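Novice: Can you keep this structure in mind? I'll have questions shortly.
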Amino acid sequence: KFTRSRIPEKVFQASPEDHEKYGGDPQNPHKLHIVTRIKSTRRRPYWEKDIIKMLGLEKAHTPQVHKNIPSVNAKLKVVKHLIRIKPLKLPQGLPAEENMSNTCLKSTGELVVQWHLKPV
Amino acid sequence: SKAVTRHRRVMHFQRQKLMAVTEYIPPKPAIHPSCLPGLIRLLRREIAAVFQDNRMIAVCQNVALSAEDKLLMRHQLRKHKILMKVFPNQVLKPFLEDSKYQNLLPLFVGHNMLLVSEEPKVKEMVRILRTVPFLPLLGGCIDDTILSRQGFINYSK
Amino acid sequence: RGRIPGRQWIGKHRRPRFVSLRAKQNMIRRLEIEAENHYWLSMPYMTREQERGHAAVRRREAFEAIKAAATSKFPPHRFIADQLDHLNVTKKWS
Amino acid sequence: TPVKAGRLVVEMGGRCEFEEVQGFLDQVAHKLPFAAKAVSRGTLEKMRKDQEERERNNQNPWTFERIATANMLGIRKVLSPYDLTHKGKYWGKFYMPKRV
Amino acid sequence: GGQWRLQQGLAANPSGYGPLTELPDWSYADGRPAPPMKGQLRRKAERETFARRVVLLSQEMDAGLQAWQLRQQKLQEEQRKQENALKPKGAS
RNA sequence: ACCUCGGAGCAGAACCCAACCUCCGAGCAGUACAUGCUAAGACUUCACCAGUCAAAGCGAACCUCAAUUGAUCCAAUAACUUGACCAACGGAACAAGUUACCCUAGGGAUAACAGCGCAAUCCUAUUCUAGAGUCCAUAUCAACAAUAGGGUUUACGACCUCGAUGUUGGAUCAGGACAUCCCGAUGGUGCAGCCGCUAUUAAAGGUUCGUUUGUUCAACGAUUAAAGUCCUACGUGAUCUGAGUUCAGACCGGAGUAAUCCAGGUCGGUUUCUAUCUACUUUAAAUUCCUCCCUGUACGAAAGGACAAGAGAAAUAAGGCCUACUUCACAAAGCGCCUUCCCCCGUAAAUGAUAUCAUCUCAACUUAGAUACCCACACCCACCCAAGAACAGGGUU
RNA sequence: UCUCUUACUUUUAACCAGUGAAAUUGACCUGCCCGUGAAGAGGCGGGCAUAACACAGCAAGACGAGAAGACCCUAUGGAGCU
RNA sequence: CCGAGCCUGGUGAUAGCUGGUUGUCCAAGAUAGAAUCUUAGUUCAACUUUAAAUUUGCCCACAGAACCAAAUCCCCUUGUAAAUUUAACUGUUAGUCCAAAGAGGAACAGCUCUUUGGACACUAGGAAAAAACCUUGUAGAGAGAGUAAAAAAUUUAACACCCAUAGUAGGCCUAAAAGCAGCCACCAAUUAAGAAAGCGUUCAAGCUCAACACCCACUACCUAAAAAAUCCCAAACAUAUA
RNA sequence: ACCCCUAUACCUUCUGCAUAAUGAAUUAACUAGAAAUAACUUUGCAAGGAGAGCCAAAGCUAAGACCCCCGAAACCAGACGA
Ligand SMILES: C[NH+](C)c1cc(NC(=O)CNC(C)(C)C)c(O)c2c1C[C@H]1C[C@H]3[C@H]([NH+](C)C)C(O)=C(C(N)=O)C(=O)[C@@]3(O)C(O)=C1C2=O
Ligand SMILES: [Mg+2]
Ligand SMILES: [Mg+2]
Ligand SMILES: [Mg+2]
Ligand SMILES: [Mg+2]
Ligand SMILES: [Mg+2]
Ligand SMILES: [Mg+2]
Ligand SMILES: [Mg+2]
Ligand SMILES: [Mg+2]
Ligand SMILES: [Mg+2]
Ligand SMILES: [Mg+2]
Ligand SMILES: [Mg+2]
Ligand SMILES: [Mg+2]
Ligand SMILES: [Mg+2]
Ligand SMILES: [Mg+2]
Ligand SMILES: [Mg+2]
Ligand SMILES: [Mg+2]
Ligand SMILES: [Mg+2]
Ligand SMILES: [Mg+2]
Ligand SMILES: [Mg+2]
Ligand SMILES: [Mg+2]
Ligand SMILES: [Mg+2]
Ligand SMILES: [Mg+2]
Ligand SMILES: [Mg+2]
Ligand SMILES: [Mg+2]
Ligand SMILES: [Mg+2]
Ligand SMILES: [Mg+2]
Ligand SMILES: [Mg+2]
Ligand SMILES: [Mg+2]
Ligand SMILES: [Mg+2]
Ligand SMILES: [Mg+2]
Ligand SMILES: [Mg+2]
Ligand SMILES: [Mg+2]
Ligand SMILES: [Mg+2]
Ligand SMILES: [Mg+2]
Ligand SMILES: [Mg+2]
Ligand SMILES: [Mg+2]
Ligand SMILES: [Mg+2]
Ligand SMILES: [Mg+2]
Ligand SMILES: [Mg+2]
Ligand SMILES: [Mg+2]
Ligand SMILES: [Mg+2]
Ligand SMILES: [Mg+2]
Ligand SMILES: [Mg+2]
Ligand SMILES: [Mg+2]
Ligand SMILES: [Mg+2]
Ligand SMILES: [Mg+2]
Ligand SMILES: [Mg+2]
Ligand SMILES: [Mg+2]
Ligand SMILES: [Mg+2]
Ligand SMILES: [Mg+2]
Ligand SMILES: [Mg+2]
Ligand SMILES: [Mg+2]
């Protein structure tokens, strides 16, 4: 019979070769996740539809920021087949109140605080 | 249908795609390693015996000779006391090559036969040979001198 | 000449389907995406004990706002200007 | 009598070798209702270490076991719970020896 | 050419976040800037909303971490305050 | 056969969970006589009804069991209480058969025909080599078993159709497959010859007439070169038949109290359609037997007894035509006469490499290995015609 | 009757003139093969075919027309009979 | 149109059954079950709709749930925004395929019966047409763009050469069992041959295989079908940088 | 205008209809949702409301807003018919 899936804990135990392939640093983890929906909830269980609504990923290809906390990661682990998780990177730091109107997320996953629309 | 059928059941297409994607891929060598790069001691004692004893050694090509004929020829040479030693070439040739009567080397190809004896009773050997025309008396070497067939005949009369 | 018995893709005897290359390249692509998801969910910033209560005020206050709306339902005000304005459906020039 | 894949049906021994027994044992195996092969101790060990060598030598990043146990792409929606332990080598009563 | 554009960081759709979609379409011929376009106004509002969520989740987590710290130091304070109030006598 | 209640599995771990699913039981018994009274909080058989547990308190003392059951009204009784195998067990207070003499409303939600799915049954092929075949698995036949197909039967299912998809045989006209009955070509033989058996290839052509049965089939008579197996809505009833079968009448035996019935027999019993659309309505290469000769030759101990090559003589089919017969009579016909022309592939050999022999070769290679019809075209009013439904066509010197 | 059917006459028929119905009809610009599909296709897929339009003939199909199946099942629908 | 005439009336008989049911536009919305002369219906529940009131509802973590597998229950965080209750009702209560766990049947069915979950009775793209498989869902205009699913691959069977005398017709056993019907032993001579592995003899006799020699060297790919009925079925193509 | 590309009439019925399931030639006219108990909304007045009767521990008075059409075989009464 078709049920929910308990994913073994080993899958989320990462290897050093995994680190060099996807450069991320085990010490100093990244804080915020850019999650985008890249597959449908049709032809899928109702509980996976409920999690996509809870995570706010009802529209496909629209990026959402979430916390890299153990509770959110548990939900993203029931919908990991219908999404893409990238780390949110911050080159020039966190936006300020004088800078909140000139931000852009970019496909690299990098919230830049100064968008100018001018060649470098 | 039930999970266990008498026939191979048709899978779901996603399971088919899963099987195709998870097929086994063998390791491929880069430069193809195909393209990349006993009784002989006893027999050595016996050849050392036929060469460090009997003074007369005679090589004859081992012609087919049906059993009765092989046996009869042997009893006659036994009378004049001559031994019919049939020893393999793959042990015999390199021994000749390093034990110095190496001029018998281009002679021991094909089927061969050693007629040896301390007594050089070559005349009786000859009488026999000529009774059987299809036998050569290839050659040999008496008193450590390499001789041809005609030399054997000369040192016979 | 070749008819599949019954309906083609259901039943005991189906029309056989085979996997092309692009079908496999599509499945392989979705597999690499899911593996990168497995890694970025392998380094939790916080621990459960460290996040035990860090959002309680925001969540409680949001539910208090929802209660505020669902409690503040009531019929709208009525106006004598709205009632007396209907008299203008007979406003002639002269 | 129910027989599963990997069970010895008959065993023979004595002052004989595998060729001698292998002739009529392959005959009987062929007439058996499932797939069956005449095997020796050495050939059984060689088959098992060949399967282990193939599993270790596989150059495909994607295995049935990995995808199934991780529910990669939501594939448990087309799989069976017994496939988590069968690992794609068994499909009903049929064993597939070429799967790793 | 979506994968190539992603490899250069320039979105995947050329109608996404670049100058070709975000610069003004026109201006008055004398040179006055045109009023802002409606889609660009909606995009800037949504980008503000995203950035404001980035600041909040960071500062909610960055506040929860220090709260956990300031709780464990109090627990270790009430574990290190172990002075025996009266003095041992008896078989000593 | 079952219909209510309980335990176990299916239903492995909170609950729940179906089948004319697999098993086992119940329709009580025993004790007590506070088996009194009362009252928080709960459970609950997926609703309701009904069912279950219970602290504290008053009063005393100092229930086992799994199911072991039955509502309302009404009846009985002074009262407390007590009444259904109401077992179709949520129970109508009390009502059976039969209908082909039948009727109505519906149903392809559901059977009979046909189609479709399926292949248990049925049929075929291969693999395996026990066994039979004097000996010898493999000339021939073949067990236990395995692998595949086929879709002719009997079934199973209930998916189209019950505001109709008419039926068994037969007639007529047949289209197709080949798993070949005959005619062709070939390989094996437990092939001397004549006959056979068996396998490969072949679907151009052909595949009889009768007695009985309604009959498919079957038996029998006489033939034949042979008297194929199937599919086609068990091909084909707006082409036919109606013996059977399938309404109303009747008889025999049987069943039933009878009405009436029998998956038994028997006699009788209305077969409509003026064609709108689709499609179709003249596409010249024939097969087979027999006789003589080869020849009493080959072959064979004999008895028996060929194949080629050659000549004729028919039969059928296709096309045509009246000279004479015959039906007849300016003509149409057959019972009469005339004509009728290619191959066909399974294999068997030579040379010769891979693999310096050999080897027919998914090696390069060599050999066995159509013509004829038709064909010009505003003389046309009209007349004639061997031309013709009309129209067209031929002739009119 | 049939082997085995042929000939002629009359009716019908066809053409001309007069008169002039009926069932039927969602709309049709209404082809063949294989496949598909509510499981048997003019209309769907792949192929093929294909200027237009009368008259005569035919009955393979339009699950052809007719008759809200006579058979079977159902209905807390009828009726006759015992 | 007599299994019971016809006409009028009661009569607008009754019909859990078929058929029918008339302007525009938006929105929410798919069915666990129990009773029932009931299963072609109804009533209650559930689900669905509207309006009100209030506070939590879903997802979830340690701890926790019995003796004789996948999972669930419970559940704070957290991510979210729903839930319960009150009032008022209708309609649905004749279900199909796919994946999975089972059951019945033939480990038959487009078969039947449950359960968990899809999808369909809603849109669009794909899988030839196409319900139920895959991609994808919230609607308009555009002669812009990036994508999603998405196109079947396979072709098989050559295998040596050369040689062979003999203790004995080992014994027993037998009519005879001579390497070879069966039994016991399995030595032994030659450079090198089993008291013989297969074949063949009534038994004999025979010819192969294992052994000599010989020599380049055992060359050694370890695999395997075919059938039906109107007419095969896209046309084609091995070689220009994913 | 055609040619090119795309596109399986409608209604009913159903698990599911291009269906070869139902109905329909077409035009014009005719031809099918009736009301209570409550609830809700909006006025009036308010411990009372209503033009006797009745309700009332915020009610009472008034209004608005919701419940189809055709069809049997039958049964009975009285006449009319040999
Ligand atoms: C055609 N015939 C053989 C027939 C057959 C059946 N049915 C069967 O026998 C069963 N057939 C099945 C099983 C359904 C395939 C039949 O059922 C009938 C009939 C005949 C009819 C005659 C009817 C007729 N009317 C309607 C024109 C008539 O004039 C009379 C009459 N007596 O006046 C009838 O009897 C008649 O109505 C009638 O009863 C018939 C059938 O019942
Ligand atoms: Mg089909
Ligand atoms: Mg087998
Ligand atoms: Mg309850
Ligand atoms: Mg107590
Ligand atoms: Mg009952
Ligand atoms: Mg009951
Ligand atoms: Mg009768
Ligand atoms: Mg049906
Ligand atoms: Mg049938
Ligand atoms: Mg035998
Ligand atoms: Mg069946
Ligand atoms: Mg059914
Ligand atoms: Mg019918
Ligand atoms: Mg009809
Ligand atoms: Mg054939
Ligand atoms: Mg028929
Ligand atoms: Mg017909
Ligand atoms: Mg007729
Ligand atoms: Mg009748
Ligand atoms: Mg009569
Ligand atoms: Mg037509
Ligand atoms: Mg002749
Ligand atoms: Mg040669
Ligand atoms: Mg006229
Ligand atoms: Mg009609
Ligand atoms: Mg369709
Ligand atoms: Mg068709
Ligand atoms: Mg049609
Ligand atoms: Mg016509
Ligand atoms: Mg009809
Ligand atoms: Mg009817
Ligand atoms: Mg009727
Ligand atoms: Mg009823
Ligand atoms: Mg009744
Ligand atoms: Mg009645
Ligand atoms: Mg009358
Ligand atoms: Mg009525
Ligand atoms: Mg909606
Ligand atoms: Mg009852
Ligand atoms: Mg009932
Ligand atoms: Mg009913
Ligand atoms: Mg959208
Ligand atoms: Mg309508
Ligand atoms: Mg139906
Ligand atoms: Mg149909
Ligand atoms: Mg229709
Ligand atoms: Mg239909
Ligand atoms: Mg009909
Ligand atoms: Mg109907
Ligand atoms: Mg009108
Ligand atoms: Mg009555
Ligand atoms: Mg009278």
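FYI, nothing fancy with the structure tokens labels: chains A, B, ... in order, residues from 1 per chain, ligands from 1 as they appear.
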Counting only C-alpha atoms (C1' of nucleotides) and all ligand atoms, name the residues that have an atom within 8 Å of an atom of ligand 11; the answer should be given as a PyMOL selection string.

Specialist: chain F and resi 131-133+136

Novice: Which residues sit within 12 Å of ligand 10, counting only C-alpha atoms (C1' of nucleotides) and all ligand atoms, listed as a VMD selection string?

Specialist: chain F and resid 111 to 117 155 to 159

Novice: What would the file look like if the residues just selected were written as a PDB file, in the first residue's frame with C-alpha atoms (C1' of nucleotides)?

Specialist:
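See result.pdb below for the written result:
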```
ATOM      1  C1'   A F 111     -29.577 -13.135 -19.244  1.00  0.00           C
ATOM      2  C1'   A F 112     -30.345 -15.573 -24.379  1.00  0.00           C
ATOM      3  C1'   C F 113     -27.644 -14.291 -30.538  1.00  0.00           C
ATOM      4  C1'   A F 114     -23.584 -11.906 -32.354  1.00  0.00           C
ATOM      5  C1'   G F 115     -19.169  -8.789 -31.245  1.00  0.00           C
ATOM      6  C1'   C F 116     -15.139  -7.817 -27.444  1.00  0.00           C
ATOM      7  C1'   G F 117     -11.802  -9.317 -23.209  1.00  0.00           C
ATOM      8  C1'   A F 155     -16.883 -22.179 -20.593  1.00  0.00           C
ATOM      9  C1'   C F 156     -15.903 -17.605 -17.725  1.00  0.00           C
ATOM     10  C1'   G F 157     -16.728 -12.001 -17.705  1.00  0.00           C
ATOM     11  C1'   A F 158     -21.158  -8.623 -18.432  1.00  0.00           C
ATOM     12  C1'   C F 159     -18.052  -3.773 -21.947  1.00  0.00           C
TER      13        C F 159
END
```

Novice: Quick one: residues within 9 Å of residue 53 of chain C, only C-alpha atoms (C1' of nucleotides) counted, chain neighbours fewer than 4 positions away excluded, as a list in words?

Specialist: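 What passes the distance filter is residues 49 and 57 of chain C; 64 of chain E; 77 and 78 of chain H.
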
Novice: Dump C-alpha atoms (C1' of nucleotides) for the selected residues as a PDB file, in the first residue's frame?

Specialist:
```
ATOM      1  CA  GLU C  49      16.852  23.051  20.992  1.00  0.00           C
ATOM      2  CA  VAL C  57       5.795  35.935  19.479  1.00  0.00           C
TER       3      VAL C  57
ATOM      4  CA  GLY E  64      17.024  33.045  18.842  1.00  0.00           C
TER       5      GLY E  64
ATOM      6  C1'   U H  77       8.572  23.431  18.139  1.00  0.00           C
ATOM      7  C1'   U H  78       8.035  25.413  13.359  1.00  0.00           C
TER       8        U H  78
END
```

Novice: Mind listing the residues within 12 Å of ligand 18, only C-alpha atoms (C1' of nucleotides) and all ligand atoms counted, as a PDB file with C-alpha atoms (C1' of nucleotides), in the first residue's frame?

Specialist:
```
ATOM      1  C1'   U F 165     -27.789  -5.659 -33.756  1.00  0.00           C
ATOM      2  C1'   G F 166     -34.022 -11.253 -36.588  1.00  0.00           C
ATOM      3  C1'   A F 233     -22.179 -10.641 -37.236  1.00  0.00           C
ATOM      4  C1'   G F 235     -20.116 -14.651 -44.271  1.00  0.00           C
ATOM      5  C1'   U F 236     -24.735 -13.779 -46.861  1.00  0.00           C
ATOM      6  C1'   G F 237     -33.525 -13.767 -44.764  1.00  0.00           C
ATOM      7  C1'   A F 238     -34.413  -4.679 -47.172  1.00  0.00           C
ATOM      8  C1'   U F 239     -31.841 -11.942 -52.419  1.00  0.00           C
ATOM      9  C1'   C F 240     -34.827 -16.787 -51.222  1.00  0.00           C
TER      10        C F 240
ATOM     11  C1'   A G  59     -28.563  -5.197 -52.300  1.00  0.00           C
ATOM     12  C1'   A G  60     -22.550  -5.816 -49.049  1.00  0.00           C
ATOM     13  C1'   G G  61     -23.006  -1.492 -45.493  1.00  0.00           C
ATOM     14  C1'   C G  63     -25.382  -1.963 -36.189  1.00  0.00           C
ATOM     15  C1'   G G  64     -30.926   0.376 -43.207  1.00  0.00           C
TER      16        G G  64
END
```

Novice: Write out as a list in words which residues come within 10 Å of residue 39 of chain E when counting only C-alpha atoms (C1' of nucleotides), dropping same-chain ones fewer than 4 positions away.

Specialist: residues 21, 22, 43, 44 and 45 of chain E

Novice: Show which residues sit within 8 Å of segment 222-226 of chain H, as a ChimeraX atom specification. Count only C-alpha atoms (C1' of nucleotides), and ignore same-chain residues fewer than 6 positions away.

Specialist: /F:125-126 /H:156-157

Novice: So that each row is one residue of chain C with an atom at most 10 Å from chain F, can you give its shortest atom pair and the distance in Å to one decimal, using only C-alpha atoms (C1' of nucleotides), rows by chain and rising number, as JSON lines?

Specialist:
```
{"residue": "C:5", "atom": "CA", "partner": "F:117", "partner_atom": "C1'", "distance": 7.5}
{"residue": "C:6", "atom": "CA", "partner": "F:117", "partner_atom": "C1'", "distance": 6.4}
{"residue": "C:7", "atom": "CA", "partner": "F:117", "partner_atom": "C1'", "distance": 9.6}
{"residue": "C:11", "atom": "CA", "partner": "F:117", "partner_atom": "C1'", "distance": 9.5}
{"residue": "C:12", "atom": "CA", "partner": "F:118", "partner_atom": "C1'", "distance": 9.5}
```

Novice: Hey, which residues come within 9 Å of ligand 38 if we count only C-alpha atoms (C1' of nucleotides) and all ligand atoms? Could you give them as an MDAnalysis selection string?

Specialist: (chainID H and resid 12 14:15) or (chainID I and resid 70:71)

Novice: Find the residues in chain H near chain D: any atom within 7 Å counts, using only C-alpha atoms (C1' of nucleotides). Write them as a PyMOL selection string.

Specialist: chain H and resi 70+99-100

Novice: Run DSSP on the backbone and give me the residues of chain C it puts in alpha helix (DSSP H), as a VMD selection string.

Specialist: chain C and resid 21 to 40 56 to 72 80 to 84

Novice: Residues within 9 Å of ligand 5 (only C-alpha atoms (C1' of nucleotides) and all ligand atoms), as a PyMOL selection string?

Specialist: chain F and resi 55-57

Novice: One decimal, Å: what's the distance from atom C1' of residue 69 of chain I over to atom 1 (Mg, counted along the ligand's line) of ligand 47, could you say?

Specialist: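 Interatomic distance, atom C1' of residue 69 of chain I to atom 1 (Mg, counted along the ligand's line) of ligand 47: 26.0 Å.
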
Novice: Could you tell me which residues of chain B sit within 9 Å of chain C when counting only C-alpha atoms, and give me the result as JSON, numbers by chain?

Specialist: {"B": [1, 9, 10, 13, 16, 17, 18, 20, 21]}
